[PDB]
Every structure is written in structure tokens, then in C-alpha cells.
Amino acid sequence: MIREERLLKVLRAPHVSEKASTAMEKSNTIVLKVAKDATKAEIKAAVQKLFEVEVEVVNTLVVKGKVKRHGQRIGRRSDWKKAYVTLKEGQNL
Amino acid sequence: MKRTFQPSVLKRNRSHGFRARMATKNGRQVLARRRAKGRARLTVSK
Amino acid sequence: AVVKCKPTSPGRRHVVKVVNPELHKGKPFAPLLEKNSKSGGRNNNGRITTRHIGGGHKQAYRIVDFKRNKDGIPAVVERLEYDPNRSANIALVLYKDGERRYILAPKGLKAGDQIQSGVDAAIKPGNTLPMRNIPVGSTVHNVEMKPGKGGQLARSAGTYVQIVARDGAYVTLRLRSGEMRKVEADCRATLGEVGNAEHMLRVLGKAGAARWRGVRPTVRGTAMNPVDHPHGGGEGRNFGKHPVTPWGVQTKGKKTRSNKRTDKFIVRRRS
RNA sequence: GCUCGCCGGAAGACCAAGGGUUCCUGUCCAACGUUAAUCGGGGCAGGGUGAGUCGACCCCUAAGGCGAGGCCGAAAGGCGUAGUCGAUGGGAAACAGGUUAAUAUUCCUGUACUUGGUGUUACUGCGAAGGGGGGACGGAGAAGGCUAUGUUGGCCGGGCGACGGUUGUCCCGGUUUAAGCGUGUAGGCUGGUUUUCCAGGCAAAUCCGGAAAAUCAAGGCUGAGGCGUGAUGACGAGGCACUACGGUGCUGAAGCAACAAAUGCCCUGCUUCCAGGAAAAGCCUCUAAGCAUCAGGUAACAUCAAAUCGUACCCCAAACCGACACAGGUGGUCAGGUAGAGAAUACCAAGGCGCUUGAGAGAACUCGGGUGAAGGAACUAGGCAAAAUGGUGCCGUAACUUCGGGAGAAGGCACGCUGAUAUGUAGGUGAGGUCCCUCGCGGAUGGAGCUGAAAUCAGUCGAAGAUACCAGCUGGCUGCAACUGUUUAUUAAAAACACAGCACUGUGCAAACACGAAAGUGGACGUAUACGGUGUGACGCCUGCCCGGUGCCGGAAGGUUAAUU
RNA sequence: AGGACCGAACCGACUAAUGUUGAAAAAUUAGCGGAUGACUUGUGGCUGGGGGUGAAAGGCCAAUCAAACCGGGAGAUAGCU
Ligand SMILES: [Mg+2]
Ligand SMILES: [Mg+2]
Ligand SMILES: [Mg+2]
Ligand SMILES: [Mg+2]
Ligand SMILES: [Mg+2]
Ligand SMILES: [Mg+2]
Ligand SMILES: [Mg+2]
Ligand SMILES: [Mg+2]
Ligand SMILES: [Mg+2]
Ligand SMILES: [Mg+2]
Ligand SMILES: [Mg+2]
Ligand SMILES: [Mg+2]
Ligand SMILES: [Mg+2]
Ligand SMILES: [Mg+2]
Ligand SMILES: [Mg+2]
Ligand SMILES: [Mg+2]
Ligand SMILES: [Mg+2]
Ligand SMILES: [Mg+2]
Ligand SMILES: [Mg+2]
Ligand SMILES: [Mg+2]
Ligand SMILES: [Mg+2]
Ligand SMILES: [Mg+2]
Ligand SMILES: [Mg+2]
Ligand SMILES: [Mg+2]
Ligand SMILES: [Mg+2]
Ligand SMILES: [Mg+2]
Ligand SMILES: [Mg+2]
Ligand SMILES: [Mg+2]
Ligand SMILES: [Mg+2]
Ligand SMILES: [Mg+2]
Ligand SMILES: [Mg+2]
Ligand SMILES: [Mg+2]
Ligand SMILES: [Mg+2]
Ligand SMILES: [Mg+2]
Ligand SMILES: [Mg+2]
Ligand SMILES: [Mg+2]
Ligand SMILES: [Mg+2]
Ligand SMILES: [Mg+2]
Ligand SMILES: [Mg+2]
Ligand SMILES: [Mg+2]
Ligand SMILES: [Mg+2]
Ligand SMILES: [Mg+2]
Ligand SMILES: [Mg+2]
Ligand SMILES: [Mg+2]
Ligand SMILES: [Mg+2]
Ligand SMILES: [Mg+2]
Ligand SMILES: [Mg+2]
Ligand SMILES: [Mg+2]
Ligand SMILES: [Mg+2]
Ligand SMILES: [Mg+2]
Ligand SMILES: [Mg+2]
Ligand SMILES: [Mg+2]
Ligand SMILES: [Mg+2]
Ligand SMILES: [Mg+2]
Ligand SMILES: [Mg+2]
Ligand SMILES: [Mg+2]
Ligand SMILES: [Mg+2]
């Protein structure tokens, strides 16, 4: 059993794009920004408890930060984790 | 023509990496020298 | 069976091969095998300490029993096999208790032959006995230096040692080199001569044959520069100096034995 | 958009390394791009990488690294045991179709597979840091059986032709289907089983090894492919309707046969040769302490779990290594047609490109090519360069020779197309039907169909039939090195180095020798038929005289002589 | 069978021309040698500077070799310019 504060901290934000909206419509899959250390099980439990839905599978990937330039210096955005969490076609989050 | 630098990450790390330097007192003295000079990048590791 | 090759190609013209039909044609006996990787003549410092070694065919080591201390149990010769690790052939022998061992194959040995070791063993080729119980004048091979240590003398193909004298706790041996040496009478030896006496009649015929055996080319000292050999230098072919090793020691006639510990056991030098 | 041109064993496609956002979309053309630029691998912003089966991670080890104690060393440290790391090697599992602007064996559809925690029940001797089997291994060569794949015919849909002809022995297109599961085939290997005993496997073993009786004689393991299912599914030419001109939705015929055939598979096989060809674990099996109606094992069924990291893009290059958007370098895999021996070569397919300055002119001269009167090496240091020879089959071929060669010596003849032999031959492959059986992927028969050289004769066109690309110049005398090899990366490839062979010499094993203040290590798990050093350099005929000098070896009478005293 | 023969890949580098402020700090084009072996190639590993390695050219040891590179003694010394 994963404790309460872990579940409250793993989920960070929902992803928004054409691919995200298409996933939601076609395959009932919401796309999330999750904690860099969050595992598939923690993500699944957190979606089951904070959003009050049912999950059958979660797919994760790590996005690499882009190298950018501001005023001639060099900078790199942080890496972050993206989750494709599917629902079992009966919740409509 | 074939030139002198033929990169290989494993060989680079084994030759000049942090753990290779730390394994010998001469390598530790290399690290101490580079810290004293104030290098932003001690070894090839990062 | 010494067979020369027909001169169909220049590298085959002078090839003379030793082919033994009796030798086994399959794979060796696996439980008696062990890997022996190659060194290139390099030591644990990584430096070349013996020149002219490198390459050659991969080889497995066959555990050969040089001690022959299974006493009182008769054994039968199963087959004779080629051994890449030595000039001589070896024989697979099966003991009455189902134990299998490799031994040096002596001359005249064949499949089915009976061998035995011990004080009570008979005076037949292949039998191991203490030299105390071997008559003076007998030709033997696989001779021990110390009792119970294992055969160390007369092991190469066609080699043997004769028992010249027996006085007290020591026997006198005439080695292949001609040296007369004293060894304790309790050291064991095997009756007969080492087989494969035609091994020295083979002719390699080509350089690649020497490379197959893991030998690298030898460069003459006079062909190089003075910075890396005493013999080096000269405008054209010049020598003008007494021959020496690459390290400056005279290499034609100077003696190098210096072992006062074992001097007492040497009756006469080889001469 | 329509023509034209180029590559097509690559200039196409895909992995690994290396790089890191170069990928897609919108927008901008200051700088960057050897010109312009509306374009870009350039600026700016947003988007994009979805795994129980792919890889890493993980289990196991190689070379090698490190190394508790230990041995050694002024210090720093060197080496090494037990151990522990280290792939370029061994070890479980997923395929086909659909989908995005950009991901897919990862998402969706359909159909599978593997290991582990459990739990219930049926039966039950389980258990290791030990024993045993297995994993487990070379080169070359040859045949058969196959497949990928190709071609032709049949079938299905369409067509009836810009200029003579084209309802046909005519044109175009398609004719596709996986993993898994069932079958255990061509073929490979191995006799099977049960009792009795045992100096072996560091102890035990019911296991492995050995010995002996009995008896049956076919048992076991392996194994491409095919066949059936998977699949009444999917896909599928084309039409039908939109079109924002990108593409979208519906529907969808036939979906077979014969022949040819790999360098791929059966094959880690078979045959043969000497230079004699990893390890360990996973796996199977046996017992020990121990536990002994518990625990644990085998099985059926059900549920649960398979985490983490990588996945974009380039990848024989504009994105990697070369300071460059650089005629250079970069490991592995895929491998269509015609002709061809071919992965050569020419033209093409799929696919990808026209190389990031153009427009004129038509001087010398330079570069890269084409042709050349008569002569034909007169050139020149030198036939440098160029010109020439060039294939297959058959005939024929000298001195010399180590009897293998020399030799493709030299030289010569034939070669296209059409017909016939023979409505397509010698052959290859092979259905139907017929008989049989220890019945199935079977033995004998049988030949439909398909495919199919080479030769001969006859005729015929051209100046020329190996017509293009492709593709030896030949002979005579002689120096040197026997030969295949090696070498001054970047002015020297040779007569130089190496070589097999020869000789001298050292070396008795704790070997000589070499690396080491040492411990040790190589030599070598080798033992004088072996190992090191030196010189000579296949083979044939041979290798003469000198020990005065220098060196080396042996000797110890006499002289000289150190520390010491 | 073969350090066998012809000949692509692949490894090399005998000749000529071009190039020589190059397309290239060693290449291109036409020819050329080996091409089952003493072969070639990928990955990883070991040998260190009076040392290594060398089928031996004083060759090679990161475009550097009759003694690598980096730092230090160091402002070496220079009857010379
Ligand atoms: Mg999924
Ligand atoms: Mg030698
Ligand atoms: Mg020699
Ligand atoms: Mg020289
Ligand atoms: Mg000298
Ligand atoms: Mg001279
Ligand atoms: Mg002289
Ligand atoms: Mg266009
Ligand atoms: Mg950028
Ligand atoms: Mg782009
Ligand atoms: Mg402008
Ligand atoms: Mg511009
Ligand atoms: Mg861009
Ligand atoms: Mg993943
Ligand atoms: Mg080790
Ligand atoms: Mg210690
Ligand atoms: Mg150590
Ligand atoms: Mg390990
Ligand atoms: Mg690996
Ligand atoms: Mg893509
Ligand atoms: Mg087929
Ligand atoms: Mg091949
Ligand atoms: Mg990709
Ligand atoms: Mg360009
Ligand atoms: Mg380029
Ligand atoms: Mg290459
Ligand atoms: Mg071509
Ligand atoms: Mg250009
Ligand atoms: Mg002109
Ligand atoms: Mg011209
Ligand atoms: Mg001409
Ligand atoms: Mg003309
Ligand atoms: Mg003329
Ligand atoms: Mg003329
Ligand atoms: Mg003429
Ligand atoms: Mg003249
Ligand atoms: Mg003249
Ligand atoms: Mg010429
Ligand atoms: Mg020409
Ligand atoms: Mg002359
Ligand atoms: Mg030569
Ligand atoms: Mg040659
Ligand atoms: Mg040169
Ligand atoms: Mg040259
Ligand atoms: Mg020793
Ligand atoms: Mg010579
Ligand atoms: Mg000579
Ligand atoms: Mg050859
Ligand atoms: Mg040749
Ligand atoms: Mg070279
Ligand atoms: Mg060339
Ligand atoms: Mg060739
Ligand atoms: Mg010189
Ligand atoms: Mg250099
Ligand atoms: Mg010096
Ligand atoms: Mg000073
Ligand atoms: Mg100064």
C-alpha cells in the first residue's frame, strides 16, 4: 500500500496537445505530467484515488529537456515524465 | 583518411573517467590540481 | 610412417609429414580436458620475456598423469591419441575400477595392452616401478627427480634413460644429453622408450607451418642498428666483433650453469 | 505539373557505434548557406520518443582488472589467495493487419507465448557450498531435401488505341496472407530393457564409470520443409461519393497451378585433414548434514506480477572521424528484371537523386577525350605515355625441368539469325490412373502437363556475328633473390627483412635466458626428438689451408697479488 | 589437397598524368599486387619514454620520434646575432 502523501505528490499536471486530445477521444486515455521518480504502480493508484476512476494499464516515458538560448548563454530545460494512463471505458474523466 | 580520434564512450570513461582517476594517488592529485584551478568540469564523465 | 608430399605447389615441395593411422580420429576425453590460453611470451608485467612466441592454433590441455601412483590395479589401453601440447603421443587407459587416465604412450604400446604400477608390477613396457626394483641396464622413461613428485626426465618423443649403476640409496642414470646423474633409488620410472620416435624426421616445408605452431620470426642481430643490438651497424655487411646475445653476453661457448646446490648429484657433464 | 537526365550490390532500405533535437508544425530571412532565396540541418515558438516478449538492466563467465588476509618492498607502493568485477561469447517469452504532421514487434484490432508469487485440491522423499551428464565449440569439401524469390500459364477486372494493322497465339493490372497450434516428413545419430557385483567419481548416491547374466529385437533423441488450422478474418485491382486539391469514407473480383531456384535453412549434420579446434551458469540427475504425517517436490485449475532505463532524427553521411554543408575514412544485414559464369558489366524495377553561382562567347594556352594521309621507335635516359591483345568450344604447343611444371607456351578454326532433324530433341521435373502394405507426409507402376541444353544439315543479312560494356600483348638472351610473404604511415617495395632447411653453442629443470631493489612471472602445466642465443638461408655439387693476433674453453706446477692479521 | 591458378568484395600501393595558396596537411583518374591465408575485419584488453613494440626502415608509440607529450628546476647557459 502506497502512502497518502506519495500519491498526493506523484501527479503534477495534465498534458495538453493534439495527440493528448486524440488519445482521450479515440482510446479513452488521459496524458499526464507525473513525478520524475513516479513508477507505473504509484501513478495507477494515484489516478484511481485522486480522480476517482478505474485504470487497467499505464504507459510512461521521460521527455528530455530542450537546449535553449537566452541572451547568448546556454541553458537546458529539465527532463520530465509523461504518462499515458488508460481507463476501462466506464468512467469518463 | 582514418584520423587519430575514434570515439568510444566506454573506452573514454575507462581511460579518463572519475573512477579511473580516483583509483590512483596520481589521479587523485590530478583531481586536486583541477579543483584548485577551479575547473567547471573535473573529468570527461560529465 | 614418414610421408613426403608431391610438389604440386612451392609451399608443399619440401613438406615431410608424420602420419599415424593408429591415432584416434574423434574428440578427446572431455573430463580430462582443461583450457590453456596463450601468453605471447609475456609475463605478469606484460613485457616480452621470451622472444619469438605468438599466434598458432587454439589448444586444449590434456591432464596427463606423470605420477603413476595407482598401485596394484591393472589397466587396459583404450586408444592412442594425438596431443597438441607435446611431441609424444598419449594413451587413454581404463583401470579395473572404472577410472580413466591419460599417460605417455611408450614405443610398442597398442590398444588393449595391460599396464600396471607398483612394487609388485612386472618388468614390461608401460609399467611404473621404483628404480630400486628395476634391474641395472634397463631402458626407462618418465623418470622422477624426487620420490612421489612425478616424471620429469625423458618425456619427449623417442626419449629414454638407462639405469647405469645402483649403489646404496642412489641410482646412476645416463640421460639423453649424455650427462650422468644420480637420483634416489625410490624415484619411479616407466619401462621402455617414449613412442613417436619418427617425430624428428618431419620437415615443416614452409614458414606458415612454423607460424601454425606459435613461433614468430627471428631477426638477426647483424640486420639491425647498433642502438638495439651489439651486432648492429655497418655500411653493407660488416660484423667485426665477437658474437653475443642481445644483452651483451658471449653466445658461442661460454658456460652459464651456476647451481652449486645441485652440483653434488652430477657425476659427469654431458660432453 | 509535364518532359529530360543520373544511381540502382546504391547515390535504395535497415541495424550497431558516434552525435544529441538536427525529427514535425507555424512563423522570420538581420547573421549563417561560397550567388539569390519566398527555401534550409539557419532564428524563434509549440509539438513529438507509450514495451512482461526489442535492447539495456539481470544470471554466467573470457582476455584482463581489482583484491580481505598473505608474500615482498626506504616511503609511495609491487604481486597474489579466497573472492569480486569485466562481452566482443552462453542464458525465458509476439506475430499479422490498422493508425500519427511527427512513435510503434511499444498505440488499436485479432491471434499467441514465457517466467515468477500465490491459493485450492491429487499423489508423493524432499533438501547443497558436493558427484555426474549437458551446455561445449576447428579448417576445408560434397551431395541430397527444401524455402525465400523469380518466371510462365490459368483466373479475375479493365482495354479495343493520335499514324498502316490490332476481338487476338492481343495490351495493362492484380492473383497476398504471419506468429502460434496439430502432423513428426526428406534426413542425422544412437541397439533397447531388467536384474547381480565393484580397489573409481576427496564421503554418499538409486546417479555417472566398470564387470557379468538374461532377453527383446526395434526403442529413444534430433529434425528443414510441407499439409491442416490460425483465416466465413485481414488485405486486395477498381469503382462509388467528397475534395480545403492534401487526402477521406463505403464497397471490393480473382486470390490457383507448373517450372526454375539461392551464398539462406535441414546442417552445432555428413565426409575428410592436421595446425587438433573457450569458460561458467541456466538445465537434467544423484545423494550429505537436516527434516522427517510438518516443510519441500510433480501435476491440474484459478488469480496476481513482470519493475526501471532507452526508443525522436542522421547513421557508409551536410547530423559520426577529417577546423568546412570537405571528391577522404567508417563494422553488420536486405539483395528484383533482361543479358551475363558472376555480388563483374550495360540498361532498368522498387526507391532515391540532377551534386547551392548562373548567362553568353566559341581566341592563345592548360586539362580530359575522339579521328588522322605516308612513314612506324627515326622519340627518349628508357617504347614514359599511348596504341594493341582480350571470350567460349575444339585442334595444336618447344628448350629446359625439382617430373608438379614450363603452358592460356606459341599458333589456328568455328561463333549472328531462320528452318529442319525434333508440330520441342538428349535430359530435368512430374499429375492422373493401377496394384500392394507393418495406412500414412507410404513402396512399385505409370506417364498428362511443364521445363529444356548442345550438335548437325539447309537457308539468309551485313564491311564486320566473342559486333556494345566487359575482356591476357607475345617471344629470345642475361644479373639478383629459391619460392607465398614483410618493409621506410606521408619521395626508396628492392638485390633489403622474413622464410622452410643447415650449423655452432648454452641449458638436467627451482633449466639456461628475460622482466623484476624483491615477492614473483614468462620459458612451460614444456623436460635434451625440449627450450634459448648466434650466424647462414629452398634444392643440387660442395665447403680447402692458418690457433701467430683478439676472443672463448680447459689446466694449475711456478711467479705476482686484495680485504684480513 | 594446395602460404595452388584467373578474377569482384575486401586488404594494399608498382607506373603515369592531374592536383601542389589542392576537393584532400598524402588525394583523384586510368592502369597495378594479394584475394582459404604468415589473410582480412569488429569489440574489449595488455606492454610507457633510455622505456615499449619492431618479418629491422632508426620504423612506429594520437598530423610530434637518433629518445613522445604536459608541467616543473627556469629568467638553464649563449666569448654569438
Ligand atoms: Mg500496453
Ligand atoms: Mg627464439
Ligand atoms: Mg631461424
Ligand atoms: Mg638497416
Ligand atoms: Mg652498443
Ligand atoms: Mg663492405
Ligand atoms: Mg674488415
Ligand atoms: Mg518539379
Ligand atoms: Mg536547435
Ligand atoms: Mg526538417
Ligand atoms: Mg534579401
Ligand atoms: Mg546569401
Ligand atoms: Mg530548423
Ligand atoms: Mg519502456
Ligand atoms: Mg580473473
Ligand atoms: Mg592487504
Ligand atoms: Mg593484484
Ligand atoms: Mg560477475
Ligand atoms: Mg553482449
Ligand atoms: Mg519515422
Ligand atoms: Mg516456393
Ligand atoms: Mg560465399
Ligand atoms: Mg526509429
Ligand atoms: Mg555542396
Ligand atoms: Mg563527404
Ligand atoms: Mg573498411
Ligand atoms: Mg556495378
Ligand atoms: Mg557545386
Ligand atoms: Mg575548345
Ligand atoms: Mg586536347
Ligand atoms: Mg586514338
Ligand atoms: Mg569521322
Ligand atoms: Mg597516322
Ligand atoms: Mg594509314
Ligand atoms: Mg609496321
Ligand atoms: Mg633511338
Ligand atoms: Mg635522338
Ligand atoms: Mg605503359
Ligand atoms: Mg589503351
Ligand atoms: Mg651485368
Ligand atoms: Mg624474393
Ligand atoms: Mg610477392
Ligand atoms: Mg615512403
Ligand atoms: Mg612507393
Ligand atoms: Mg621458475
Ligand atoms: Mg644472408
Ligand atoms: Mg646468399
Ligand atoms: Mg593463392
Ligand atoms: Mg598470382
Ligand atoms: Mg604497408
Ligand atoms: Mg586506383
Ligand atoms: Mg587474384
Ligand atoms: Mg641507416
Ligand atoms: Mg605520428
Ligand atoms: Mg637525451
Ligand atoms: Mg636553476
Ligand atoms: Mg632564456
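Numbered from 1 within each chain, the chains take letters A, B, ... in sequence-line order. What's counted below: heavy atoms across the whole structure, side chains too, no hydrogens, waters or symmetry copies.
Residues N85(C) and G205(C) each lie close to RNA chain D; by heavy-atom proximity, the contact nearer the 5' end of the strand is made by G205(C).
Look at NZ on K206(C): it is 8 Å from P on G2(E), rounded to the nearest Å. Taking atom NE2 of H57(C) as the reference point, atom P of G37(E) lies 15 Å away to the nearest angstrom. Straight-line distance from the CG atom of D228(C) to the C1' atom of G51(E): 13 Å, rounded to whole Å.
Regarding contacts with the backbone of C515(D), every side-chain N or O of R42(C) stays at 4.0 angstrom or more from both OP1 and OP2. Applying the 4.0 Å criterion to OP1 and OP2 of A26(E), one finds that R3(B) has a side-chain N or O inside that range. One finds a side-chain N or O of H52(C) lying less than 4.0 angstrom from the OP1 or OP2 phosphate oxygen of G533(D). Listed pair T245(C) / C513(D) fails the phosphate criterion, with no side-chain N or O lying under 4.0 Å from OP1 or OP2. Between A55(E) and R220(C), no contact under 4.0 Å exists linking OP1 or OP2 to a side-chain N or O. The shortest distance between the side-chain N/O atoms of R216(C) and the OP1/OP2 oxygens of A38(E) is not below 4.0 Å. Contact between the side-chain N/O atoms of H231(C) and the OP1/OP2 oxygens of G533(D) is not found at any separation under 4.0 Å. Put simply, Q59(C) has a side-chain N or O that comes within less than 4.0 Å of OP1 or OP2 on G276(D). When the side-chain nitrogen and oxygen atoms of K40(A) are compared with OP1 and OP2 of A51(D), one or more of them lie within a distance under 4.0 Å.
A salt bridge links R101(C) with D65(C): the distance from a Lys NZ or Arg NE/NH1/NH2 to an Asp or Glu carboxylate oxygen falls below 4.0 Å. Salt-bridge annotation for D71(C) and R188(C): present, with a side-chain N of the basic residue lying under 4.0 Å from a carboxylate O of the acidic one. The pair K260(C)-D263(C) does not meet the salt-bridge criterion, since no charged nitrogen lies less than 4.0 angstrom from a carboxylate oxygen. A salt bridge does not link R100(C) with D97(C): none of the charged nitrogens is closer than 4.0 Å to a carboxylate oxygen.
By the criterion of a centre-to-centre distance under 5.5 Å and near-parallel planes under 30°, the ring of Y84(A) forms no stack with the base of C107(D).
Using a 4.0 Å heavy-atom cutoff across all strands shown, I266(C) reaches sugar-phosphate atoms only and no base atom. Backbone-only engagement by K254(C) is indicated by non-hydrogen atom pairs under 4.0 Å involving sugar-phosphate atoms exclusively. Looking at heavy-atom distances under 4.0 Å, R100(C) makes contact with sugar-phosphate atoms alone, never a base.
Evaluation of the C1'-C2'-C3'-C4' torsion of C95(D) gives a positive value and hence a north sugar.
Side-chain atoms of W247(C) lie closest to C515(D) of the nucleotides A63(E), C515(D), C497(D). Ranking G508(D), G277(D), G2(E) by closeness to the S9(C) side chain, first place goes to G2(E). Nearest nucleotide to the side chain of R155(C), out of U529(D), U527(D), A56(E): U527(D). When distances are taken from the side chain of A207(C) to each of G58(E), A528(D), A38(E), the shortest belongs to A38(E). With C553(D), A38(E), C525(D) as the choices, the nucleotide that has an atom nearest any side-chain atom of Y61(C) turns out to be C525(D). For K82(A), counting side-chain heavy atoms from C-beta on, the closest listed nucleotide (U49(D), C403(D), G329(D)) is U49(D).
In this structure, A37(D) forms no base pair with any nucleotide, since neither Watson-Crick nor G-U wobble geometry is met with both distances under 3.5 Å. Judged by Watson-Crick or G-U wobble contacts below 3.5 Å, the nucleotide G282(D) has no partner.
Judged by a 6.0 Å distance limit and a 45° cone about the ring axis, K241(C) is positioned over the six-membered ring of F239(C).
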